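Novice: The structure follows.
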Amino acid sequence: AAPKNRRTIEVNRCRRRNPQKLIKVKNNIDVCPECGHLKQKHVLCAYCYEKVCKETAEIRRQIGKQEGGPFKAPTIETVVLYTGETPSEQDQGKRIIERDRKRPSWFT
Amino acid sequence: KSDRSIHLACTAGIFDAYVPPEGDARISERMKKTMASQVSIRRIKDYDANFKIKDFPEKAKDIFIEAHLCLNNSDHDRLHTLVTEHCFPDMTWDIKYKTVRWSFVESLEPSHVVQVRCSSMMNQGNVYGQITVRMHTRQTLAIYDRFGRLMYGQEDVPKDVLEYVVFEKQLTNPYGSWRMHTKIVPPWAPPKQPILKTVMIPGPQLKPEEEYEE
Amino acid sequence: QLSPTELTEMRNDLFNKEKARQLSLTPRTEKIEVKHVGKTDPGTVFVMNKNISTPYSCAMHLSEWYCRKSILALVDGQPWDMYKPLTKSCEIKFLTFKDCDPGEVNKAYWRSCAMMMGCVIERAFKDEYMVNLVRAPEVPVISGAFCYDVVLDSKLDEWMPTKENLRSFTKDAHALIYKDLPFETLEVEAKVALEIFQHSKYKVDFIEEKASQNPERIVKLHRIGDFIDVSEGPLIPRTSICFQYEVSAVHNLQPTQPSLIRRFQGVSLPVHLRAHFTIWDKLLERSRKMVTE
Amino acid sequence: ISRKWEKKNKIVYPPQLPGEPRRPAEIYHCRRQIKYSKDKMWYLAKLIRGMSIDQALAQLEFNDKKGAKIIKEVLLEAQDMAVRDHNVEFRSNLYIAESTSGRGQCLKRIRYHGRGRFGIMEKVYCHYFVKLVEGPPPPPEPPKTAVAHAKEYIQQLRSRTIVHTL
Amino acid sequence: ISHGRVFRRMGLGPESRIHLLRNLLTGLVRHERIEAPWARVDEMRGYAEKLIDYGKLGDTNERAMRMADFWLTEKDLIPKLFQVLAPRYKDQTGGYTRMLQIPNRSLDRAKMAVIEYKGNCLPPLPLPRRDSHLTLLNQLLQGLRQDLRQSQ
Ligand SMILES: [Mg+2]
Ligand SMILES: [Zn+2]
């Protein structure tokens with residue numbers, strides 16, 4: 001089957017600018033208040049999540065350096081310590097992951 | 001390695017800049033500064049024996065006034081005639097799409113030839129002479145936008161200005177002329193008239209992994 | 001005796017002349033520096049105009065979101081109106097409804113709603129009867145209602161408003177909300193507030209006690225359109241912040257002599273914290289219940 | 001090709017009398033040769049027509065299109081040139097007056113079909129144009145009321161004349 | 001018609017569906033927090049909850065041993081499961097995993113999700129928090145709660 005006639009620009013404009021084809025305005029945009037950045041109400045904030053991802057990427061690099069090779073996952077729990085504190089008396093039999101920076105304020 | 005080189009008409013430096021004396025505006029070694037100023041006066045007299053330092057300050061006042069009037073009506077060839085090439089862009093670029101309404105009211109006291117220096121021979125065969133003149137006059141200014149609304153100053157109100165304006169001539173130039181080279185504003189100068197709009201200075205833009213430190 | 005119309009424009013004229021006097025006292029432009037020290041967009045410097053610029057102007061420099069969500073401003077730790085001019089180079093911090101401690105924002109909101117209800121009462125009762133406004137008690141948010149004390153006519157000493165009358169009050173308040181007037185602020189001399197409110201002995205007593213509590217005898221006046229009132233503190237920017245509004249109940253106070261003081265109670269909720277129909281009905285019933293200070 | 005949008009940005013006005021409205025600022029910006037279709041870029045521009053600048057930036061940040069990211073960059077640099085060179089007081093006090101996409105210079109490549117047949121592919125390019133005007137966004141036109149409809153019907157009925165006679 | 005169909009059609013078949021979910025479960029047990037497309041995260045979340053239940057059944061159980069052997073493909077995570085994760089959740093009953101939505105993949109605009117085991121050593125996610133109790137609406141509802149309390 002082939003077009004019997006050429007569709008005009010008026011019919012084309014009606015089809016292409018029908019409101020179903022247009023982009024719907026989003027109402028769920030909110031200012032994430034921890035960093036003042038735009039987020040959607042149902043998703044995580046992109047800025048805060050990228051912050052957490054870069055920090056945990058450094059954590060995982062340190063874990064890999066301490067592990068030293070594949071197939072060596074520990075049988076004990078793990079805690080992360082920064083510079084300037086000692087491991088607490090609850091973190092006795094836990095693998096220590098040391099980080100060379102201050103503890104971030106959002107990490108407790 | 002072509003024979004043709006750039007024939008500069010001026011420089012962009014001030015030979016032994018006149019440090020403004022403190023309290024010169026507040027109040028309504030001298031032999032050494034005087035003999036240097038007059039050494040350069042001798043050199044300029046040698047390269048042109050028809051210079052009167054007493055006859056300079058009214059010509060400097062003129063060059064100032066018609067330079068700012070050509071700045072008023074965007075008369076760029078006459079700005080080149082009365083204004084050095086180092087003086088032109090920092091006089092025209094910031095007003096390229098703005099309307100400047102400048103006027104000269106009066107002079108509070110006559111301008112004073114306060115400094116004369118001269119360059120050395122080794123500047124590509126060219127010898128330049130610079131003269132710093134203290135100007136203390138009364139002027140008006142009203143800078144407008146691209147859209148004709150006002151930026152800075154007031155239309156009619158005249159205010160006092162003090163300035164150490166420095167002129168330069170290429171003495172080795174057969175067709176050289178005395179043109180405005182720079183202006184020395186003192187480090188102790190009073191603060192400028194405030195602008196009529198508001199400015200936000202943004203803080204440090206932070207990548208996510210960075211932390212704000214005060 | 002002055003008619004309600006003419007007392008209205010004379011109060012408006014006095015307010016406008018005092019505002020013009022302050023603007024003439026600051027005739028030349030002057031640059032102050034404002035250090036935004038908020039958690040978001042930290043360490044941001046504005047170079048504002050002295051006694052002309054507003055925290056709303058700072059928010060408009062930053063973004064539209066700060067304009068639409070910022071209800072109060074902390075200027076050097078003190079609550080500041082969003083349309084109140086800045087005097088001194090300070091540090092600013094915008095406060096919204098959804099902060100960790102929105103208590104100051106709540107106090108400003110409830111004071112604004114009380115002053116709106118007082119305006120509604122004053123321009124709701126008839127010309128042949130007499131209305132006087134005593135004060136808005138600083139009632140906590142936890143009580144559930146804003147109270148305005150009104151001295152009414154001895155001809156209406158026996159009269160009790162009906163449900164359609166309360167709904168008419170609510171409709172007038174919604175008309176004010178739709179009209180969307182800014183909350184204009186004026187820090188004024190106690191003398192000047194006295195000739196503004198000279199035809200009200202209760203307003204004179206309130207102005208005198210505010211002048212007694214502060215050393216310089218400077219009180220705070222607020223205006224929405226034509227209604228001027230003495231405030232206990234800062235207010236919200238615009239009446240359009242209010243979304244759900246109702247004048248719930250009217251009560252008599254216990255001492256009938258020497259005069260009958262009627263406490264009007266209402267309840268309101270902003271756009272940013274609008275509630276559902278059922279939750280709003282329960283808040284309505286609690287607001288209809290008695291509130292004692 | 002033509003660059004009249006940039007020349008529109010370089011247009012200048014005479015100084016203003018002190019007794020007339022303030023003539024709000026106009027800022028013209030464009031990006032040329034975008035590897036994107038002008039129709040899809042039209043959908044994005046028709047989305048951000050008439051919005052405030054921050055509303056447009058929010059919508060483009062949470063849209064899912066390459067054109068949305070490109071237009072967001074263009075809007076940000078237009079806002080920067082607005083409050084850097086055109087004396088716009090507040091960076092949030094702008095709205096999008098004009099926002100449209102045009103055709104760019106494209107390229108013809110072959111598309112190998114079956115048999116010995118072939119087609120011509122078009123490496124489509126497009127331009128994006130934006131105009132930012134200082135001030136709050138204009139209010140949306142309120143929908144026509146029944147009072148206005150009755151009024152226009154009565155105006156037609158009172159504009160009736162006796163035709164084809166004296 | 002897919003009425004009452006609880007399982008998604010994923011991969012190249014049921015083979016590839018179970019193998020994809022097994023690889024996601026393995027990554028989750030190893031790193032304690034992974035990101036993946038939303039549908040895959042949902043299915044793997046169900047499997048992760050059941051796997052922690054088997055770990056709490058314990059290593060001496062041969063059935064739990066066989067299940068962990070199948071569903072963990074590196075054989076060092078089986079000590080990690082049976083001696084780390086089950087003792088971490090010996091007190092909880094079924095709330096072992098947390099799924100949150102992360103916006104969109106930067107390439108094909110896929111709906112993204114991050115799934116973690118609760119507890120952990122990693123930096124915490126920016127979890128969505130409810131409004132503070134000192135908010136205006138919350139203070140009115142708290143006063144209403146008090147009024148009902150002294151009423152009854
Ligand atoms: Mg498939
Ligand atoms: Zn965030």
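Within each chain, counting starts at residue 1; across the structure tokens, chains are named A, B, ... in the order shown, with ligands numbered 1 upward in that order.
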List all protein, DNA and RNA residues that have any atom at most 10 Å from ligand 1, counting only C-alpha atoms and all ligand atoms, and write the list as a list in words.

Specialist: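 After applying the 10 Å limit, what remains is residues 9, 10, 11, 12 and 13 of chain E.
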
Novice: Mind listing the residues within 6 Å of ligand 2, only C-alpha atoms and all ligand atoms counted, as a ChimeraX atom specification?

Specialist: /A:32,34-35,37,45,47-48

Novice: Rank C:216, C:127, C:208, C:104 by their smallest atom-to-atom distance to chain E, using only C-alpha atoms, and report the top residue only.

Specialist: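 Checking each candidate against chain E, we get C:104 as the closest.
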
Novice: Could you give me, as a PyMOL selection string, each residue of stretch 95-143 of chain E that DSSP assigns to strand (DSSP E or B) when run on this structure's backbone?

Specialist: chain E and resi 97-104+111-117

Novice: Can you spit out the residues from that selection as a tab-separated table (two decimals), in the first residue's frame, using N, CA and C atoms?

Specialist:
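That gives us selection-v6.tsv:
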```
chain	number	residue	atom	x	y	z
E	97	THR	N	15.89	-5.60	52.85
E	97	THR	CA	16.37	-4.84	51.71
E	97	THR	C	15.66	-3.49	51.60
E	98	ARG	N	16.37	-2.52	51.02
E	98	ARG	CA	15.83	-1.20	50.75
E	98	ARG	C	16.05	-0.88	49.28
E	99	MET	N	14.96	-0.63	48.56
E	99	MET	CA	15.00	-0.18	47.17
E	99	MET	C	14.60	1.29	47.11
E	100	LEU	N	15.36	2.07	46.37
E	100	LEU	CA	14.99	3.44	46.05
E	100	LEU	C	15.20	3.67	44.56
E	101	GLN	N	14.47	4.63	44.01
E	101	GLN	CA	14.58	4.93	42.59
E	101	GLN	C	15.61	6.03	42.36
E	102	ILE	N	16.55	5.77	41.46
E	102	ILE	CA	17.52	6.78	41.06
E	102	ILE	C	17.26	7.12	39.59
E	103	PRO	N	17.48	8.42	39.17
E	103	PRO	CA	16.57	9.04	38.19
E	103	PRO	C	16.42	8.30	36.87
E	104	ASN	N	17.49	8.22	36.08
E	104	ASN	CA	17.52	7.69	34.73
E	104	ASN	C	18.96	7.43	34.33
E	111	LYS	N	14.75	3.67	33.64
E	111	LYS	CA	14.37	3.94	35.02
E	111	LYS	C	15.30	3.21	35.98
E	112	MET	N	16.05	3.95	36.80
E	112	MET	CA	17.13	3.29	37.53
E	112	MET	C	16.70	3.05	38.97
E	113	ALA	N	17.34	2.08	39.61
E	113	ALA	CA	17.06	1.79	41.00
E	113	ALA	C	18.34	1.39	41.71
E	114	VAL	N	18.43	1.76	42.99
E	114	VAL	CA	19.51	1.34	43.87
E	114	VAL	C	18.90	0.48	44.97
E	115	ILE	N	19.51	-0.68	45.19
E	115	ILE	CA	19.04	-1.63	46.19
E	115	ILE	C	20.19	-1.96	47.11
E	116	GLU	N	19.93	-1.92	48.41
E	116	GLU	CA	20.94	-2.21	49.41
E	116	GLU	C	20.37	-3.14	50.46
E	117	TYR	N	21.25	-3.91	51.09
E	117	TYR	CA	20.91	-4.58	52.33
E	117	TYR	C	20.96	-3.57	53.46
```

Novice: Could I get the residues of chain A with an atom no further than 9 Å from an atom of chain B, each paired with its nearest atom pair and that distance in Å to one decimal, using only C-alpha atoms, sorted by chain and residue number, as a tab-separated table?

Specialist:
```
residue	atom	partner	partner_atom	distance
A:47	CA	B:208	CA	5.9
A:48	CA	B:208	CA	6.9
A:49	CA	B:208	CA	8.7
A:50	CA	B:208	CA	6.4
A:51	CA	B:208	CA	4.7
A:52	CA	B:209	CA	8.0
A:53	CA	B:209	CA	8.9
A:54	CA	B:209	CA	6.3
A:55	CA	B:209	CA	7.1
A:104	CA	B:211	CA	8.2
```

Novice: Tell me the residues of chain C close to chain B, meaning within 10 Å using only C-alpha atoms, as a PyMOL selection string.

Specialist: chain C and resi 28-31+33-36+39+41-49+53+57-58+61-62

Novice: For the residues selected in the previous step, produce a file with N, CA, C and O atoms as an mmCIF file, in the first residue's frame.

Specialist:
```cif
data_model
loop_
_atom_site.group_PDB
_atom_site.id
_atom_site.type_symbol
_atom_site.label_atom_id
_atom_site.label_comp_id
_atom_site.auth_asym_id
_atom_site.auth_seq_id
_atom_site.Cartn_x
_atom_site.Cartn_y
_atom_site.Cartn_z
ATOM 1 N N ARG C 28 20.294 59.175 49.028
ATOM 2 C CA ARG C 28 21.353 58.742 48.129
ATOM 3 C C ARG C 28 21.513 57.231 48.203
ATOM 4 O O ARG C 28 21.305 56.624 49.258
ATOM 5 N N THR C 29 21.875 56.628 47.073
ATOM 6 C CA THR C 29 22.082 55.187 47.041
ATOM 7 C C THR C 29 23.330 54.812 47.834
ATOM 8 O O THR C 29 24.312 55.560 47.874
ATOM 9 N N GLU C 30 23.264 53.669 48.508
ATOM 10 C CA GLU C 30 24.337 53.204 49.371
ATOM 11 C C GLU C 30 24.354 51.685 49.334
ATOM 12 O O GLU C 30 23.306 51.045 49.444
ATOM 13 N N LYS C 31 25.544 51.114 49.179
ATOM 14 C CA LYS C 31 25.699 49.681 48.971
ATOM 15 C C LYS C 31 26.027 48.999 50.291
ATOM 16 O O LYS C 31 26.980 49.384 50.978
ATOM 17 N N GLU C 33 26.451 44.938 52.098
ATOM 18 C CA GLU C 33 26.835 43.591 51.702
ATOM 19 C C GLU C 33 26.100 42.571 52.557
ATOM 20 O O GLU C 33 26.152 42.631 53.789
ATOM 21 N N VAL C 34 25.424 41.638 51.895
ATOM 22 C CA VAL C 34 24.600 40.630 52.549
ATOM 23 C C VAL C 34 25.237 39.273 52.296
ATOM 24 O O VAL C 34 25.447 38.885 51.140
ATOM 25 N N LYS C 35 25.537 38.554 53.372
ATOM 26 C CA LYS C 35 26.241 37.276 53.297
ATOM 27 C C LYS C 35 25.233 36.157 53.537
ATOM 28 O O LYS C 35 24.915 35.830 54.683
ATOM 29 N N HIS C 36 24.715 35.585 52.451
ATOM 30 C CA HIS C 36 23.882 34.396 52.532
ATOM 31 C C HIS C 36 24.697 33.232 53.069
ATOM 32 O O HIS C 36 25.647 32.776 52.417
ATOM 33 N N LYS C 39 22.417 26.802 54.340
ATOM 34 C CA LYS C 39 22.992 25.496 54.034
ATOM 35 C C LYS C 39 23.093 25.285 52.528
ATOM 36 O O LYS C 39 24.097 24.768 52.024
ATOM 37 N N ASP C 41 23.405 26.824 48.691
ATOM 38 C CA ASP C 41 24.100 27.913 48.005
ATOM 39 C C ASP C 41 24.956 28.686 49.004
ATOM 40 O O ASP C 41 24.732 29.884 49.213
ATOM 41 N N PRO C 42 25.944 28.048 49.626
ATOM 42 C CA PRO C 42 26.581 28.642 50.803
ATOM 43 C C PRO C 42 27.555 29.755 50.454
ATOM 44 O O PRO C 42 28.195 29.753 49.400
ATOM 45 N N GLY C 43 27.663 30.711 51.377
ATOM 46 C CA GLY C 43 28.620 31.794 51.265
ATOM 47 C C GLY C 43 28.419 32.690 50.063
ATOM 48 O O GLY C 43 29.368 32.951 49.318
ATOM 49 N N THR C 44 27.193 33.155 49.844
ATOM 50 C CA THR C 44 26.874 33.944 48.656
ATOM 51 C C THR C 44 26.746 35.413 49.037
ATOM 52 O O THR C 44 26.002 35.754 49.957
ATOM 53 N N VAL C 45 27.459 36.285 48.332
ATOM 54 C CA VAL C 45 27.500 37.703 48.671
ATOM 55 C C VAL C 45 26.606 38.479 47.714
ATOM 56 O O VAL C 45 26.760 38.386 46.489
ATOM 57 N N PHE C 46 25.666 39.240 48.273
ATOM 58 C CA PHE C 46 24.891 40.226 47.537
ATOM 59 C C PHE C 46 25.406 41.609 47.909
ATOM 60 O O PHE C 46 25.846 41.824 49.042
ATOM 61 N N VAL C 47 25.344 42.550 46.972
ATOM 62 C CA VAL C 47 25.661 43.943 47.262
ATOM 63 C C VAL C 47 24.378 44.732 47.029
ATOM 64 O O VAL C 47 24.168 45.318 45.963
ATOM 65 N N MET C 48 23.564 44.811 48.073
ATOM 66 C CA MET C 48 22.197 45.310 48.059
ATOM 67 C C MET C 48 22.220 46.826 48.234
ATOM 68 O O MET C 48 23.237 47.414 48.611
ATOM 69 N N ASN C 49 21.085 47.466 47.964
ATOM 70 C CA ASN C 49 20.937 48.894 48.221
ATOM 71 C C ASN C 49 20.441 49.109 49.646
ATOM 72 O O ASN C 49 19.570 48.379 50.124
ATOM 73 N N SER C 53 16.506 47.786 49.448
ATOM 74 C CA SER C 53 16.527 46.378 49.097
ATOM 75 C C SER C 53 15.795 45.532 50.129
ATOM 76 O O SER C 53 15.672 45.894 51.297
ATOM 77 N N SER C 57 14.314 40.752 47.375
ATOM 78 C CA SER C 57 15.247 41.105 46.309
ATOM 79 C C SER C 57 16.445 40.159 46.293
ATOM 80 O O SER C 57 16.919 39.766 45.219
ATOM 81 N N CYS C 58 16.933 39.762 47.474
ATOM 82 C CA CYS C 58 17.997 38.753 47.527
ATOM 83 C C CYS C 58 17.532 37.408 46.966
ATOM 84 O O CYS C 58 18.260 36.749 46.207
ATOM 85 N N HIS C 61 17.362 37.612 43.302
ATOM 86 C CA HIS C 61 18.707 37.410 42.776
ATOM 87 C C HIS C 61 19.049 35.932 42.685
ATOM 88 O O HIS C 61 19.665 35.490 41.708
ATOM 89 N N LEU C 62 18.670 35.154 43.697
ATOM 90 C CA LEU C 62 19.088 33.754 43.713
ATOM 91 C C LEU C 62 18.307 32.908 42.708
ATOM 92 O O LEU C 62 18.875 32.436 41.716
#
```

Novice: Sorted by chain and rising residue number, which residues of chain C lie within 10 Å of chain A, and what are their closest atom pairs and distances in Å to one decimal, counting only C-alpha atoms, as a tab-separated table?

Specialist:
```
residue	atom	partner	partner_atom	distance
C:38	CA	A:36	CA	9.8
C:39	CA	A:34	CA	7.2
C:40	CA	A:36	CA	4.8
C:41	CA	A:36	CA	6.7
C:42	CA	A:35	CA	9.3
C:65	CA	A:31	CA	7.6
C:66	CA	A:31	CA	9.4
C:69	CA	A:31	CA	9.5
C:98	CA	A:33	CA	9.7
C:99	CA	A:33	CA	9.0
```

Novice: Mind running chain D against chain E at 12 Å and telling me each contacting residue's nearest atom pair with the distance in Å (one decimal), counting only C-alpha atoms, chain and number ascending, as CSV?

Specialist:
```
residue,atom,partner,partner_atom,distance
D:61,CA,E:103,CA,11.2
D:62,CA,E:103,CA,9.0
D:63,CA,E:109,CA,10.1
D:64,CA,E:109,CA,6.7
D:65,CA,E:109,CA,8.7
D:66,CA,E:107,CA,10.0
D:69,CA,E:106,CA,11.2
```

Novice: With N, CA and C atoms retained, could you export that selection as a PDB file, in the first residue's frame?

Specialist:
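Output contents, as saved in out-v2.pdb:
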```
ATOM      1  N   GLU D  61      15.674  20.129  32.717  1.00  0.00           N
ATOM      2  CA  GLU D  61      16.524  19.256  33.511  1.00  0.00           C
ATOM      3  C   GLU D  61      15.868  17.907  33.741  1.00  0.00           C
ATOM      4  N   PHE D  62      14.544  17.871  33.862  1.00  0.00           N
ATOM      5  CA  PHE D  62      13.880  16.593  34.086  1.00  0.00           C
ATOM      6  C   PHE D  62      13.153  16.059  32.860  1.00  0.00           C
ATOM      7  N   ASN D  63      13.418  16.613  31.684  1.00  0.00           N
ATOM      8  CA  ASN D  63      13.041  15.944  30.450  1.00  0.00           C
ATOM      9  C   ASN D  63      14.118  14.934  30.062  1.00  0.00           C
ATOM     10  N   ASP D  64      13.769  14.045  29.131  1.00  0.00           N
ATOM     11  CA  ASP D  64      14.605  12.898  28.795  1.00  0.00           C
ATOM     12  C   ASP D  64      15.153  12.963  27.375  1.00  0.00           C
ATOM     13  N   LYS D  65      15.564  14.138  26.907  1.00  0.00           N
ATOM     14  CA  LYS D  65      15.965  14.300  25.518  1.00  0.00           C
ATOM     15  C   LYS D  65      17.307  15.013  25.394  1.00  0.00           C
ATOM     16  N   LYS D  66      18.063  14.600  24.371  1.00  0.00           N
ATOM     17  CA  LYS D  66      19.321  15.253  24.031  1.00  0.00           C
ATOM     18  C   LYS D  66      19.098  16.723  23.699  1.00  0.00           C
ATOM     19  N   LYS D  69      18.782  18.664  26.966  1.00  0.00           N
ATOM     20  CA  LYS D  69      20.073  19.031  27.556  1.00  0.00           C
ATOM     21  C   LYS D  69      20.732  20.190  26.803  1.00  0.00           C
TER      22      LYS D  69
END
```

Novice: With the cut-off set at 7 Å and counting only C-alpha atoms, tabulate each residue of chain C with an atom at most that distance from an atom of chain E, showing the nearest atom pair and its distance in Å to one decimal, ordered by chain and increasing number, as CSV.

Specialist:
```
residue,atom,partner,partner_atom,distance
C:97,CA,E:135,CA,6.7
C:98,CA,E:135,CA,6.2
C:100,CA,E:132,CA,5.7
C:101,CA,E:134,CA,5.9
C:102,CA,E:135,CA,5.8
C:103,CA,E:134,CA,6.8
C:106,CA,E:136,CA,6.0
C:141,CA,E:139,CA,6.7
C:142,CA,E:143,CA,5.1
C:143,CA,E:143,CA,6.5
C:144,CA,E:140,CA,5.7
C:273,CA,E:137,CA,6.5
C:286,CA,E:144,CA,6.9
```

Novice: Please write the residues from the selection above to a file, keeping N, CA and C atoms, as a PDB file, in the first residue's frame.

Specialist:
```pdb
ATOM      1  N   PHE C  97       8.291  26.921  55.290  1.00  0.00           N
ATOM      2  CA  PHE C  97       7.355  26.211  56.156  1.00  0.00           C
ATOM      3  C   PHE C  97       7.835  24.820  56.544  1.00  0.00           C
ATOM      4  N   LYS C  98       8.689  24.199  55.736  1.00  0.00           N
ATOM      5  CA  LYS C  98       9.037  22.790  55.882  1.00  0.00           C
ATOM      6  C   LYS C  98      10.447  22.600  56.433  1.00  0.00           C
ATOM      7  N   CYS C 100      13.287  22.278  59.747  1.00  0.00           N
ATOM      8  CA  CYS C 100      13.308  21.455  60.951  1.00  0.00           C
ATOM      9  C   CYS C 100      12.610  22.155  62.110  1.00  0.00           C
ATOM     10  N   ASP C 101      12.785  23.471  62.232  1.00  0.00           N
ATOM     11  CA  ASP C 101      12.124  24.271  63.264  1.00  0.00           C
ATOM     12  C   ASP C 101      11.414  25.446  62.604  1.00  0.00           C
ATOM     13  N   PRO C 102      10.194  25.234  62.104  1.00  0.00           N
ATOM     14  CA  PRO C 102       9.457  26.317  61.438  1.00  0.00           C
ATOM     15  C   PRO C 102       8.672  27.214  62.385  1.00  0.00           C
ATOM     16  N   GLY C 103       9.037  27.247  63.673  1.00  0.00           N
ATOM     17  CA  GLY C 103       8.212  27.926  64.670  1.00  0.00           C
ATOM     18  C   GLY C 103       8.027  29.415  64.423  1.00  0.00           C
ATOM     19  N   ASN C 106       5.674  29.832  61.584  1.00  0.00           N
ATOM     20  CA  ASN C 106       4.320  29.572  62.073  1.00  0.00           C
ATOM     21  C   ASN C 106       3.746  30.787  62.792  1.00  0.00           C
ATOM     22  N   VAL C 141       0.405  28.004  68.161  1.00  0.00           N
ATOM     23  CA  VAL C 141      -0.075  27.229  67.019  1.00  0.00           C
ATOM     24  C   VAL C 141      -0.843  26.000  67.485  1.00  0.00           C
ATOM     25  N   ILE C 142      -0.401  25.390  68.587  1.00  0.00           N
ATOM     26  CA  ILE C 142      -0.974  24.153  69.110  1.00  0.00           C
ATOM     27  C   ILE C 142      -2.432  24.293  69.537  1.00  0.00           C
ATOM     28  N   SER C 143      -2.904  25.519  69.787  1.00  0.00           N
ATOM     29  CA  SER C 143      -4.285  25.717  70.218  1.00  0.00           C
ATOM     30  C   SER C 143      -5.273  25.366  69.113  1.00  0.00           C
ATOM     31  N   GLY C 144      -4.973  25.762  67.878  1.00  0.00           N
ATOM     32  CA  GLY C 144      -5.809  25.410  66.747  1.00  0.00           C
ATOM     33  C   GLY C 144      -6.554  26.559  66.093  1.00  0.00           C
ATOM     34  N   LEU C 273       1.267  23.653  52.643  1.00  0.00           N
ATOM     35  CA  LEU C 273       0.896  22.676  53.659  1.00  0.00           C
ATOM     36  C   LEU C 273      -0.599  22.408  53.631  1.00  0.00           C
ATOM     37  N   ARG C 286     -12.024  21.578  65.733  1.00  0.00           N
ATOM     38  CA  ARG C 286     -11.190  22.025  66.847  1.00  0.00           C
ATOM     39  C   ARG C 286     -11.085  23.549  66.902  1.00  0.00           C
TER      40      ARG C 286
END
```

Novice: Identify which of the residues E:32, E:74, E:49, E:42 lies closest to chain A, counting only C-alpha atoms when measuring atom-to-atom distances.

Specialist: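 Of E:32, E:74, E:49, E:42, the one nearest chain A, counting only C-alpha atoms, is E:74.
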
Novice: Up to 9 Å from chain A, what residues of chain E turn up? Count only C-alpha atoms and give them as a list in words.

Specialist: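 Here is what falls inside 9 Å: residues 30, 31, 74, 75, 76, 77, 79, 80, 81, 82, 83, 84, 85, 88, 100, 101, 102, 103, 120, 121, 122, 123, 124, 125, 126, 127 and 128 of chain E.
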
Novice: Please find the residues of chain D near chain B - the criterion being any atom within 12 Å, counting only C-alpha atoms - and write them as a ChimeraX atom specification.

Specialist: /D:8-27,82-92,134

Novice: Within 9 Å of residue B:163, counting only C-alpha atoms, which residues qualify if same-chain residues fewer than 5 places away don't, as a PyMOL selection string?

Specialist: chain B and resi 133-137+183-186

Novice: Based on only C-alpha atoms, which of the residues in chain A come within 10 Å of chain D? I want them as a PyMOL selection string.

Specialist: chain A and resi 16-17+21-30+38-40

Novice: Would you compute the distance between atom CA of residue C:16 and atom CA of residue C:194? Give it in Å to one decimal.

Specialist: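 Calculated distance between atom CA of residue C:16 and atom CA of residue C:194 is 15.4 Å.
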